[PDB]
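A.B. asks: Shown below is the structure under consideration.
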Amino acid sequence: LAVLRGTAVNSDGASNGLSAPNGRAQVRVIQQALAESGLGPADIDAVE
Amino acid sequence: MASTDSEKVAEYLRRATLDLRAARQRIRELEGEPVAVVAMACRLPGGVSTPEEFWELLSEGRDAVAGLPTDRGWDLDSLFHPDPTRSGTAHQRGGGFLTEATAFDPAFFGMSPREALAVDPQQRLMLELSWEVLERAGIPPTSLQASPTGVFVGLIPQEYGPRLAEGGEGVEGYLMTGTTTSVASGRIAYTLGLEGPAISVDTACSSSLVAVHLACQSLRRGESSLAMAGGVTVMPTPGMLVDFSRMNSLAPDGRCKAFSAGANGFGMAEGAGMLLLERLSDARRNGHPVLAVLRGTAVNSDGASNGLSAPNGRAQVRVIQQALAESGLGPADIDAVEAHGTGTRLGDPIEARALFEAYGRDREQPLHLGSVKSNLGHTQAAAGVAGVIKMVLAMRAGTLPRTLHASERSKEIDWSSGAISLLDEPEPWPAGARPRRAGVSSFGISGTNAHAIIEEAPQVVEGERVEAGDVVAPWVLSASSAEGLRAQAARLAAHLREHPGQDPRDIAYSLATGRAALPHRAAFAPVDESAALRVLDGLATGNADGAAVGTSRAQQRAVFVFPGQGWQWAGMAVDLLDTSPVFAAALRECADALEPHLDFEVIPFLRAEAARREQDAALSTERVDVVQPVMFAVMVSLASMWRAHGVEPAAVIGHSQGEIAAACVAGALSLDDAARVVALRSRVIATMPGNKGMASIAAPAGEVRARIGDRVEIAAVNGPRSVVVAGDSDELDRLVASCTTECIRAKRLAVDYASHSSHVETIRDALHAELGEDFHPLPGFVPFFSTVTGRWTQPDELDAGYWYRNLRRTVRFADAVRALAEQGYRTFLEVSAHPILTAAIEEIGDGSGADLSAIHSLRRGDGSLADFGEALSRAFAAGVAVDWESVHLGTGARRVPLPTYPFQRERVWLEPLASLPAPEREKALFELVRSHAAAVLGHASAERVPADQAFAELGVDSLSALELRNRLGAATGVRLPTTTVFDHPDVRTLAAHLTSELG
Amino acid sequence: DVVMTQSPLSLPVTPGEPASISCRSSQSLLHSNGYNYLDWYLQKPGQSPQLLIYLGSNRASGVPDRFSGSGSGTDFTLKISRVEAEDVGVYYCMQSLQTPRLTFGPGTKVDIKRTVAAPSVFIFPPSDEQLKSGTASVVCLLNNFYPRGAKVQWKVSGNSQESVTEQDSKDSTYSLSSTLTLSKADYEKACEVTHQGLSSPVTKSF
Amino acid sequence: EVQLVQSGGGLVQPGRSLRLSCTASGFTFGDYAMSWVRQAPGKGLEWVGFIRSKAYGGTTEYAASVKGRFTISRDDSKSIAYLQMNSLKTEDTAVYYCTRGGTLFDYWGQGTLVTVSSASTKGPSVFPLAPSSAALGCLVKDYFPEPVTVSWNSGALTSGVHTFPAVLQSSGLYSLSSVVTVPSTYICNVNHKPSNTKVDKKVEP
Amino acid sequence: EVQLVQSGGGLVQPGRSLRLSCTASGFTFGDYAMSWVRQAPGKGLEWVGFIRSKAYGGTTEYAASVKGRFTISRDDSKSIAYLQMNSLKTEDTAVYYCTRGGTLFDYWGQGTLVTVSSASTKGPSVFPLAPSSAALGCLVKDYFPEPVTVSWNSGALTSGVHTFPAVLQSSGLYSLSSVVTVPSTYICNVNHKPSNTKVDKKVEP
């Protein structure tokens, strides 16, 4: 039905709270799954 | 031509082969790269708190099954009724339970006691384990910040606090954040700052071994360069012994009689284990200690067994055989398996039949079958990382321990083969030709079986050299609390009094590189192991003897201040030079930079002490043309020594001629440039003297402003009660006479010229002539603070005119150091041979802002390398971020196992308006804000909550921060901004702002 | 004879976008073995040349998956499936069939791709103290232009030298300093460019 | 792990001698015929020569440009490749590099900026570039050799600063023309490191 | 995948013409140089010959044993290798293989059993082996060609059953001697498939 090209898991690290999100730990997981699938940021048409 | 196709199609074959040799060793590192076990932390049943105190339970055959916990508020009376089917009763009358899972150190991490109350004892212990497993690998637990480092914890949901639907009283928003195996891997990756995959595993009795599997492959693929695998089952409720008993599966004794005819059930225990996994290449390249090596881990499920609980035979063999294939080994390559040995009269037979199938079928020597659960009990999700620690200790001690309660080998298992030798006596396991391999099996209640293979660490550690050195490297230790500071000095005296003979340089490298810099530091330069265990016996009580103690939170960058004249002694640099390659090299460099302009070579003048500097019409370096060049020689060499041991400047402050060292060390001038400059300023300053003199005095500056006259006016403001005045012999001598009778002593400096006055411009002609434009002002390397304009400025203004200007106007050293304090820095190293004016900047800090930190290098008649180890000691202890990988860059230092952090544990268990009168108002609002802080922080002891600690290190997250700002918006009746907790990071800052918002 | 190999000498690449350098050989580089004898080298700017591809299509270990090789000995095509800041420089198509090989070829001048920029012509007449020093240097600076296919002529020619800098980062343009080291009298007697940032000749003189 | 670290660059005059050493550590030196290639400043690579493997025997193939001038050798027991450069001429001003191969240049050295110029060490003749009415710049004409460092406002302005690459005249000298672009009164500083001659330039239209 | 599937075995009398075809699918047939390696029954492999690639000339190198007798060809557009076996003699009874490399044998194909025997299809001469006083067996002397299969108690006894690999006499016939080992009265049924002659044997001392 679809092929899961790449995946990445990346903890927020020392955020400003346990539930608080990291703004530069998502960029390193949108870029680990984007360099493990062999693609680039211009290939992904849409983001869920 | 190229020898047609003989030296070409054979030149492409040594690439297509040498690329095949490197594209096949990438496949052997993507699948079977052996990962190390860099460190092991364990809190296991019994007294076990270290992987060394477990070898004192596994090696002397002690069972940790003692009894049920009385700490935890368990009923213990409804748990036991004669009716075996009474709902709410437990069947095991004991089990190996943790005596310290009830207690925890909350303020150590960023956790409020109220939040730490809601934290599940599973994650609460995993936080302390994550620190131990990093302090035991020689990795500062705070150096792993924003680093790829997975955290793979394996737990079980259980039930800790109050059912979330009903919430709680103080634990309301944190109840969720406590009872979630989810945050039981993210909490750890948050406190340490890890950015690796932090996943939690739930496979019950295999959670830990399955978590090491996930970690091993996050290192084989490479997603994380480091991983902390590990599992915890601390059971805060008897719920499990009440539900594992309704299926009639717990042993009435709580003992896991592994492979024994007397197995009357599986028993139980609570426990925790953690491993620091790193692929062997990375582990040995970065120098991290390898204890053993996880080679191959396999994870399978039992499939459709005789129920969800009952084990499967073929599936167990298929994971005991998949691990061997995935590690590239055979059944005969394993010397001792550490089976599950759950203890059930059914699980053990099928388990042993599985071990007689994957190993026993083809065995050359009898397999040494064991089980950690015999000594401990079934630690559930901690079983598998307890077994990897018992195997990694068996290899690291060259002995395989006994399986207690295994004297009556089970009658339902066919041991006739002899290929499996149940470990009932400690069987020696020595290092030999065969690599010592073992296998750890965890078969969960969920059906998922895991089997890991653990080879001994490749004995390539050997080959270390030996040597001796005169460097007394500071033994730096630090903790998050003053009582943790007195217990990190007591747990090291014990380790150096019970583990004796450890090279002192090896205990200074391990305490420095491998212990995090925590906000209560103590540092002492030992000369022996009885002048250290005497200091480590005074630091345990609190008595600072031969050491330096300091509370230094929020301090990380030092400034270099540069004192002028005052160390007329100038006989301490000999000592440092003789013992310091660097001080005997930098001094040579700056001297040979001074000699082309001032012939005087400092080194001969340096062996010449003052005892040898007064015969030929001389004093203690009173010759300006000779003291100023050698002063510089010593100052720049000291500043290069301090930068050679790892302390780099943040700002620069030079009193009178320290400007020239500001030029040199901060990169604005070279050694030759600054040497020529001081040498040339020297000869000119040496033509005026005979009529002027400087007179340091605490004399009130708002009073010597009227005394300005008789040519004697201020040359420097060196603090509030510190004034260097300069003038001729008119007021010079009458100052002393008319002052010293009223408790104001005039320290008439032993100098013969006047600076920072209108007397310097009498040589303006020669000062601008004999300086020249050749030391071109250059943007250097360090920020700097001018003591002529009294301002933080550019490094492109230090020219010939600059030296005149500095020698022309008031130094305003006090204004410079206060601008430092307000600018962001707070710590200043008086680089000099004798720290003159030490309590001067301390005076600055006492009457303004926060007290500053006066670190100093040497003293009058104190220049040994011992006094420099004490200089680095007082620098670490005062906040200065020394880099210890430079002080130990080479000294023959190797990592040594040391005691981990002494967590000061307290029982944290969750059971199921002022009309502007005076500054009295300042301290009253201060106390009000503190009390409302230690009531939204759950500090039942309102007494004290550190004033210098931030609102992000006391666990003041949303809930705490929001309710705090609301409490203040009601008590003080104000409108605190929404981001106030971020606007004012400290309770000091918040209180100052609130008492400043009065109108 | 010798194998003459040419390429798209001035190929622009934009990051994140697949690119394709091609090589065209006069003779046939497919030797009997069924193996092409063409190699692809990379000299990243101011570094040692790298071996990207050997035997036409094979890639040399340490070279990322990005550098693919497809085509025949005569018409080859190095295919970069993902150009980053590392996939830039000079790409040399270098044969192996005939070795003596005096040259590595002109090499494909790869550049980070943007749109076309207008070259900012600055005619800077020489300092007169220079005319009191014995030389003359009127400098016609060409700042912030891309692509770099612009020449500067000296009218009202031949003593001109050349100083181009490689592509910068935040603007990704080029800058040229065409220098007319000159002599004392002949100063007592204009520069323009034909870059495709403009079309008409823009002639400004000292 | 393989590496081919070089040594032996420097400053000589047309008609002199010079040694180029290629330290090979990581591979069996005797297996690969090693080449010596040359990058003239800012142009394409030209292959100088190569010595064939001692196991293969063979010969030493040089270029047409340097036959009878350069000779290449190799030693296994001391594991060094040699480019012996003799009877040098202005053309040898370049970055000779030593690659491990004779047809497949797989590994490379960092490159030795071997320079053959007839000039001597003199400081810059810093000549300013007055604006037309704009950008502000300053020449560095007639300095030798390279290193060179020109900054603006003494390393304060870094935006718009375009240091123009070393240009060599027929006289053997070098000429940098560093220019900033900003509407205004600026300082350019030049420091010829071999001679330590720091000259400063204030410019107006 | 590469699959060198073969075809063309069979039964002939010495002095015939037999064709051996090597179907190559998975690789470029014209790049490799297919070779044909003979393995006489139960001894080591002997290399018959190989054709060079069409680009390598296509020169066919044969053995000393089969020069002037066998000839090897290849076709790309029909992608088949040929061993043309002419003037066969008794030595060609063997399992001929087709490897994809002259000096570097690779896929090897499957194994085409070629037999050159002068015999005809006859059933077995089932001769029993009476025990001395022990094991019980039975011969199958003088049958041809192989297939052959012998069971005991008509496929009831399988433990102790040793069906000795067959044996060639000088007459071109085959001889299996199947024997069980068990203390006692047993039956052996030999089914010569090419002729369908099932003979049964009851044995006593």
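The way I read the labels, and the way they are meant: chains A, B, ... in the order of the structure tokens, residue 1 as the first residue of every chain, and ligand 1 as the first ligand shown, with later ones counted on from there.
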Write out as a PyMOL selection string which residues come within 7 Å of region 135-138 of chain C when counting only C-alpha atoms, dropping same-chain ones fewer than 6 positions away.

C.D. replies: chain C and resi 124-126+179-184

A.B. asks: Given the selection you just returned, output its residues as a file containing N, CA and C atoms, formatted as an mmCIF file, in the first residue's frame.

C.D. replies:
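Written output follows (out-v7.cif):
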```
data_model
loop_
_atom_site.group_PDB
_atom_site.id
_atom_site.type_symbol
_atom_site.label_atom_id
_atom_site.label_comp_id
_atom_site.auth_asym_id
_atom_site.auth_seq_id
_atom_site.Cartn_x
_atom_site.Cartn_y
_atom_site.Cartn_z
ATOM 1 N N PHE C 124 37.499 51.655 -10.916
ATOM 2 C CA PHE C 124 38.266 52.332 -9.835
ATOM 3 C C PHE C 124 39.567 52.926 -10.427
ATOM 4 N N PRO C 125 39.648 54.209 -10.894
ATOM 5 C CA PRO C 125 40.896 54.777 -11.419
ATOM 6 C C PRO C 125 42.024 54.647 -10.414
ATOM 7 N N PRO C 126 43.254 54.442 -10.883
ATOM 8 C CA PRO C 126 44.359 54.228 -9.948
ATOM 9 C C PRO C 126 44.632 55.459 -9.101
ATOM 10 N N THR C 179 42.768 43.457 -13.708
ATOM 11 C CA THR C 179 43.782 44.414 -13.273
ATOM 12 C C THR C 179 44.629 44.903 -14.444
ATOM 13 N N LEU C 180 44.793 46.202 -14.615
ATOM 14 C CA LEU C 180 45.566 46.636 -15.789
ATOM 15 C C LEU C 180 46.920 47.142 -15.332
ATOM 16 N N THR C 181 47.768 46.338 -14.669
ATOM 17 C CA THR C 181 49.120 46.755 -14.337
ATOM 18 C C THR C 181 49.669 47.498 -15.551
ATOM 19 N N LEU C 182 50.074 48.749 -15.342
ATOM 20 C CA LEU C 182 50.294 49.642 -16.471
ATOM 21 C C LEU C 182 51.485 50.544 -16.175
ATOM 22 N N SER C 183 51.845 51.384 -17.141
ATOM 23 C CA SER C 183 53.108 52.099 -17.107
ATOM 24 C C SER C 183 52.884 53.603 -17.055
ATOM 25 N N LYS C 184 53.944 54.385 -16.994
ATOM 26 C CA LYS C 184 53.703 55.819 -16.687
ATOM 27 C C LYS C 184 52.988 56.639 -17.765
#
```

A.B. asks: Using only C-alpha atoms, what table do you get, as a Markdown table, when you list each residue of chain C with an atom no more than 10 Å from chain A, its nearest pair of atoms, and their distance in Å rounded to one decimal, rows by chain then rising number?

C.D. replies:
```
| residue | atom | partner | partner_atom | distance |
| --- | --- | --- | --- | --- |
| C:15 | CA | A:40 | CA | 9.4 |
| C:16 | CA | A:40 | CA | 5.9 |
| C:17 | CA | A:42 | CA | 8.0 |
| C:65 | CA | A:38 | CA | 8.5 |
| C:66 | CA | A:38 | CA | 8.7 |
| C:81 | CA | A:39 | CA | 8.9 |
| C:82 | CA | A:40 | CA | 7.4 |
| C:83 | CA | A:40 | CA | 9.6 |
| C:84 | CA | A:40 | CA | 9.7 |
```

A.B. asks: What does the file look like for those residues with C-alpha atoms, as a short mmCIF file (atom, residue, chain, number, x, y, z; two decimals), in the first residue's frame?

C.D. replies:
```cif
data_model
loop_
_atom_site.label_atom_id
_atom_site.label_comp_id
_atom_site.auth_asym_id
_atom_site.auth_seq_id
_atom_site.Cartn_x
_atom_site.Cartn_y
_atom_site.Cartn_z
CA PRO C 15 21.30 21.76 -3.15
CA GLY C 16 18.82 18.94 -2.62
CA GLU C 17 18.31 18.55 -6.37
CA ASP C 65 25.63 6.73 -2.30
CA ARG C 66 24.88 10.04 -4.01
CA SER C 81 21.01 11.85 -6.81
CA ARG C 82 21.37 14.42 -4.01
CA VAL C 83 23.59 17.49 -4.32
CA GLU C 84 24.62 19.00 -0.99
#
```

A.B. asks: Please identify all residues of chain C having at least one atom at most 12 Å from any atom of chain E, considering only C-alpha atoms, and return them as a list in words.

C.D. replies: residues 30, 31, 32, 33, 34 and 35 of chain C

A.B. asks: Please produce an output containing C-alpha atoms for each residue in the selection, written as a compact mmCIF listing (two decimals), in the first residue's frame.

C.D. replies:
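Saved the output as again-v5.txt:
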```
# COMPACT_ATOMS: atom_id res chain seq x y z
CA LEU C 30 34.58 0.00 -23.48
CA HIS C 31 37.52 -2.41 -23.52
CA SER C 32 37.22 -6.10 -24.39
CA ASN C 33 36.56 -7.01 -20.78
CA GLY C 34 33.07 -5.45 -20.82
CA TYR C 35 34.41 -2.87 -18.49
```

A.B. asks: Run DSSP on the backbone and give me the residues of region 458-639 of chain B it puts in strand (DSSP E), as an MDAnalysis selection string.

C.D. replies: chainID B and resid 475:478 521:524 548:550 558:562

A.B. asks: Least-squares fit chain D onto chain E by Cα, in order, and just send back the RMSD.

C.D. replies: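 After superposition, the RMSD is 0.4 Å.
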
A.B. asks: When you look at residue 4 (chain A) with a cut-off of 12 Å (counting only C-alpha atoms), what residues show up, excluding the ones that are within fewer than 2 positions of it in the same chain? I need them as a PyMOL selection string.

C.D. replies: chain A and resi 1-2+6-8+33-34+36-38

A.B. asks: Residues of chain B within 6 Å of chain C, using only C-alpha atoms, as a ChimeraX atom specification?

C.D. replies: /B:1-2,19

A.B. asks: Up to 12 Å from chain D, what residues of chain B turn up? Count only C-alpha atoms and give them as a ChimeraX atom specification.

C.D. replies: /B:1-16,18-19,22,668,773-780,794-797

A.B. asks: Please, could you write that set of residues out with C-alpha atoms as a PDB file, in the first residue's frame?

C.D. replies:
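Contents of the output file result_12.pdb:
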```
ATOM      1  CA  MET B   1      51.942   2.758 -22.161  1.00  0.00           C
ATOM      2  CA  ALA B   2      50.892   1.211 -18.831  1.00  0.00           C
ATOM      3  CA  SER B   3      51.820  -2.451 -19.471  1.00  0.00           C
ATOM      4  CA  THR B   4      48.543  -2.943 -21.277  1.00  0.00           C
ATOM      5  CA  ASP B   5      45.892  -4.341 -18.966  1.00  0.00           C
ATOM      6  CA  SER B   6      48.527  -5.977 -16.849  1.00  0.00           C
ATOM      7  CA  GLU B   7      49.032  -2.937 -14.658  1.00  0.00           C
ATOM      8  CA  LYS B   8      45.652  -1.535 -15.247  1.00  0.00           C
ATOM      9  CA  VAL B   9      42.974  -4.219 -15.020  1.00  0.00           C
ATOM     10  CA  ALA B  10      45.018  -5.263 -12.071  1.00  0.00           C
ATOM     11  CA  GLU B  11      45.080  -1.715 -10.702  1.00  0.00           C
ATOM     12  CA  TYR B  12      41.264  -1.721 -10.797  1.00  0.00           C
ATOM     13  CA  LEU B  13      41.299  -5.113  -9.044  1.00  0.00           C
ATOM     14  CA  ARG B  14      43.057  -3.787  -6.053  1.00  0.00           C
ATOM     15  CA  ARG B  15      40.301  -1.249  -5.735  1.00  0.00           C
ATOM     16  CA  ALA B  16      37.353  -3.513  -6.476  1.00  0.00           C
ATOM     17  CA  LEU B  18      39.948  -3.269  -1.370  1.00  0.00           C
ATOM     18  CA  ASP B  19      36.454  -1.785  -1.690  1.00  0.00           C
ATOM     19  CA  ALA B  22      35.660  -2.382   3.186  1.00  0.00           C
ATOM     20  CA  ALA B 668      46.229  41.765  20.865  1.00  0.00           C
ATOM     21  CA  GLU B 773      54.842  51.951  15.727  1.00  0.00           C
ATOM     22  CA  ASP B 774      55.801  48.289  15.335  1.00  0.00           C
ATOM     23  CA  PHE B 775      53.520  46.479  17.829  1.00  0.00           C
ATOM     24  CA  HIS B 776      50.539  47.056  15.589  1.00  0.00           C
ATOM     25  CA  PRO B 777      47.232  46.764  17.508  1.00  0.00           C
ATOM     26  CA  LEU B 778      45.519  43.528  16.531  1.00  0.00           C
ATOM     27  CA  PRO B 779      42.062  42.127  17.305  1.00  0.00           C
ATOM     28  CA  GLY B 780      43.125  39.343  19.615  1.00  0.00           C
ATOM     29  CA  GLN B 794      37.942  46.613  21.296  1.00  0.00           C
ATOM     30  CA  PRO B 795      41.465  44.995  21.245  1.00  0.00           C
ATOM     31  CA  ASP B 796      42.429  47.342  18.342  1.00  0.00           C
ATOM     32  CA  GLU B 797      43.198  50.393  20.560  1.00  0.00           C
TER      33      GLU B 797
END
```

A.B. asks: Give me the residues of chain B that have any atom at most 8 Å from an atom of chain A; for each, the nearest atom pair and the distance in Å, rounded to one decimal. Use only C-alpha atoms, sort by chain and number, and format it as JSON lines.

C.D. replies:
```
{"residue": "B:145", "atom": "CA", "partner": "A:13", "partner_atom": "CA", "distance": 7.5}
{"residue": "B:146", "atom": "CA", "partner": "A:13", "partner_atom": "CA", "distance": 6.2}
{"residue": "B:186", "atom": "CA", "partner": "A:11", "partner_atom": "CA", "distance": 7.0}
{"residue": "B:187", "atom": "CA", "partner": "A:18", "partner_atom": "CA", "distance": 6.8}
{"residue": "B:189", "atom": "CA", "partner": "A:13", "partner_atom": "CA", "distance": 5.6}
{"residue": "B:190", "atom": "CA", "partner": "A:14", "partner_atom": "CA", "distance": 4.5}
{"residue": "B:191", "atom": "CA", "partner": "A:14", "partner_atom": "CA", "distance": 6.2}
{"residue": "B:192", "atom": "CA", "partner": "A:14", "partner_atom": "CA", "distance": 6.9}
{"residue": "B:193", "atom": "CA", "partner": "A:14", "partner_atom": "CA", "distance": 4.1}
{"residue": "B:194", "atom": "CA", "partner": "A:13", "partner_atom": "CA", "distance": 4.8}
{"residue": "B:195", "atom": "CA", "partner": "A:11", "partner_atom": "CA", "distance": 4.7}
{"residue": "B:196", "atom": "CA", "partner": "A:10", "partner_atom": "CA", "distance": 5.2}
{"residue": "B:197", "atom": "CA", "partner": "A:10", "partner_atom": "CA", "distance": 4.7}
{"residue": "B:198", "atom": "CA", "partner": "A:11", "partner_atom": "CA", "distance": 5.8}
{"residue": "B:952", "atom": "CA", "partner": "A:16", "partner_atom": "CA", "distance": 7.6}
{"residue": "B:957", "atom": "CA", "partner": "A:17", "partner_atom": "CA", "distance": 5.9}
{"residue": "B:958", "atom": "CA", "partner": "A:17", "partner_atom": "CA", "distance": 7.6}
```

A.B. asks: Grab the CA of residue 273 (chain B) to CA of residue 386 (chain B) distance for me, in Å with one decimal place.

C.D. replies: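 Interatomic distance, CA of residue 273 (chain B) to CA of residue 386 (chain B): 5.9 Å.
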
A.B. asks: Return as JSON, numbers by chain the full set of residues in region 629-829 of chain B whose backbone-based DSSP assignment is helix (DSSP H, G or I).

C.D. replies: {"B": [629, 630, 631, 632, 633, 634, 635, 636, 637, 638, 639, 640, 641, 642, 643, 644, 658, 659, 660, 661, 662, 663, 664, 665, 671, 672, 673, 674, 675, 676, 677, 678, 679, 680, 681, 682, 683, 684, 685, 701, 702, 703, 704, 705, 706, 707, 732, 733, 734, 735, 736, 737, 738, 739, 740, 741, 742, 760, 761, 762, 763, 764, 765, 766, 767, 768, 769, 800, 801, 802, 803, 804, 805, 806, 813, 814, 815, 816, 817, 818, 819, 820, 821, 822, 823]}

A.B. asks: Could you dump the residues just selected with C-alpha atoms as a compact mmCIF listing (two decimals), in the first residue's frame?

C.D. replies:
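What ended up in selection-v3.txt:
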```txt
# COMPACT_ATOMS: atom_id res chain seq x y z
CA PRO B 629 60.55 43.44 32.43
CA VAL B 630 60.95 40.49 34.82
CA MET B 631 57.48 41.19 36.29
CA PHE B 632 56.15 40.82 32.79
CA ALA B 633 58.25 37.71 32.21
CA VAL B 634 56.63 36.11 35.25
CA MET B 635 53.10 37.40 34.55
CA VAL B 636 52.82 36.24 30.94
CA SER B 637 54.35 32.88 31.88
CA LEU B 638 51.83 32.46 34.70
CA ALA B 639 48.97 33.35 32.36
CA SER B 640 50.27 30.80 29.83
CA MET B 641 50.57 28.22 32.62
CA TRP B 642 46.95 28.79 33.65
CA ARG B 643 45.85 28.47 30.01
CA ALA B 644 48.05 25.36 29.74
CA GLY B 658 48.94 44.18 33.43
CA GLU B 659 47.69 46.01 30.37
CA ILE B 660 50.79 44.72 28.60
CA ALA B 661 49.87 41.13 29.51
CA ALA B 662 46.34 41.94 28.38
CA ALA B 663 48.08 42.68 25.09
CA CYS B 664 50.04 39.44 25.09
CA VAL B 665 47.72 36.68 26.32
CA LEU B 671 55.26 37.91 22.86
CA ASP B 672 57.76 40.09 20.99
CA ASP B 673 55.26 42.95 20.63
CA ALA B 674 54.28 43.10 24.31
CA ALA B 675 57.86 42.37 25.42
CA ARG B 676 59.20 45.29 23.39
CA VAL B 677 56.38 47.49 24.68
CA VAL B 678 56.97 46.85 28.37
CA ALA B 679 60.78 46.91 27.84
CA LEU B 680 60.47 50.30 26.12
CA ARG B 681 57.93 51.75 28.56
CA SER B 682 60.42 50.44 31.14
CA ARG B 683 63.50 52.45 30.15
CA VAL B 684 61.40 55.67 29.88
CA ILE B 685 59.78 55.13 33.28
CA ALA B 701 38.37 57.93 48.22
CA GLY B 702 35.54 60.47 48.73
CA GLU B 703 37.94 61.96 51.34
CA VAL B 704 41.34 61.66 49.55
CA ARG B 705 39.58 63.57 46.71
CA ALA B 706 40.09 66.62 48.99
CA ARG B 707 43.57 65.29 49.93
CA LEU B 732 54.18 61.24 50.77
CA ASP B 733 55.61 60.95 54.27
CA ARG B 734 53.09 63.10 56.16
CA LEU B 735 50.30 60.77 55.00
CA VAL B 736 51.71 57.95 57.14
CA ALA B 737 52.39 60.17 60.15
CA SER B 738 48.95 61.84 60.20
CA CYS B 739 47.06 58.69 59.25
CA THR B 740 48.46 55.66 61.07
CA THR B 741 47.33 57.00 64.47
CA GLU B 742 43.63 56.59 63.53
CA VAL B 760 54.05 60.56 33.32
CA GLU B 761 53.60 63.17 30.58
CA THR B 762 56.97 64.68 31.49
CA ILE B 763 58.44 61.76 29.51
CA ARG B 764 55.72 62.05 26.83
CA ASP B 765 58.52 62.95 24.43
CA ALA B 766 60.55 59.78 25.02
CA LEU B 767 57.45 57.65 25.66
CA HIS B 768 56.22 58.38 22.13
CA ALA B 769 59.80 58.16 20.79
CA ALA B 800 51.83 53.47 21.84
CA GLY B 801 49.25 56.14 22.76
CA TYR B 802 47.29 53.51 24.70
CA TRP B 803 50.19 52.86 27.08
CA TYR B 804 50.60 56.59 27.67
CA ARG B 805 46.89 56.96 28.29
CA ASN B 806 46.85 54.03 30.74
CA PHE B 813 40.23 48.99 38.82
CA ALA B 814 37.20 48.92 41.14
CA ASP B 815 34.91 50.20 38.39
CA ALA B 816 36.37 47.64 35.99
CA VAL B 817 35.77 44.70 38.33
CA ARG B 818 32.24 45.87 39.13
CA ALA B 819 31.49 46.22 35.41
CA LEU B 820 32.80 42.60 35.17
CA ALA B 821 30.44 41.49 37.91
CA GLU B 822 27.43 43.21 36.35
CA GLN B 823 28.45 42.20 32.81
```

A.B. asks: Expressed in Å to a single decimal, how great is the separation between CA of residue 276 (chain B) and CA of residue 41 (chain B)?

C.D. replies: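 Taking CA of residue 276 (chain B) and CA of residue 41 (chain B), their separation equals 8.5 Å.
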
A.B. asks: Quick one: distance from CA of residue 10 (chain C) to CA of residue 28 (chain C) in Å, one decimal?

C.D. replies: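 Computed distance, CA of residue 10 (chain C) to CA of residue 28 (chain C), equals 24.3 Å.
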
A.B. asks: Which residues are close to region 22-25 of chain C, i.e. within 8 Å by only C-alpha atoms, leaving aside same-chain residues fewer than 2 positions away? Reply as a list in words.

C.D. replies: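 Here the answer would be residues 3, 4, 5, 6, 7, 8, 20, 27, 28, 29, 73, 74, 75, 76, 77, 78 and 93 of chain C.
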
A.B. asks: Could you save the residues just selected, with C-alpha atoms, as a short mmCIF file (atom, residue, chain, number, x, y, z; two decimals), in the first residue's frame?

C.D. replies:
```cif
data_model
loop_
_atom_site.label_atom_id
_atom_site.label_comp_id
_atom_site.auth_asym_id
_atom_site.auth_seq_id
_atom_site.Cartn_x
_atom_site.Cartn_y
_atom_site.Cartn_z
CA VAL C 3 40.85 9.89 -26.47
CA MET C 4 39.36 13.39 -26.33
CA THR C 5 36.83 13.63 -23.51
CA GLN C 6 34.49 16.59 -22.98
CA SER C 7 31.81 17.44 -20.43
CA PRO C 8 29.27 20.14 -19.48
CA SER C 20 24.00 15.03 -13.88
CA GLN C 27 37.18 6.88 -29.02
CA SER C 28 35.54 3.87 -27.35
CA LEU C 29 36.39 3.37 -23.68
CA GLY C 73 32.34 4.28 -22.57
CA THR C 74 31.55 6.87 -25.29
CA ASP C 75 28.64 8.76 -23.60
CA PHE C 76 28.85 8.54 -19.76
CA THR C 77 26.75 10.32 -17.08
CA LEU C 78 27.83 10.69 -13.41
CA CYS C 93 36.23 12.78 -16.48
#
```
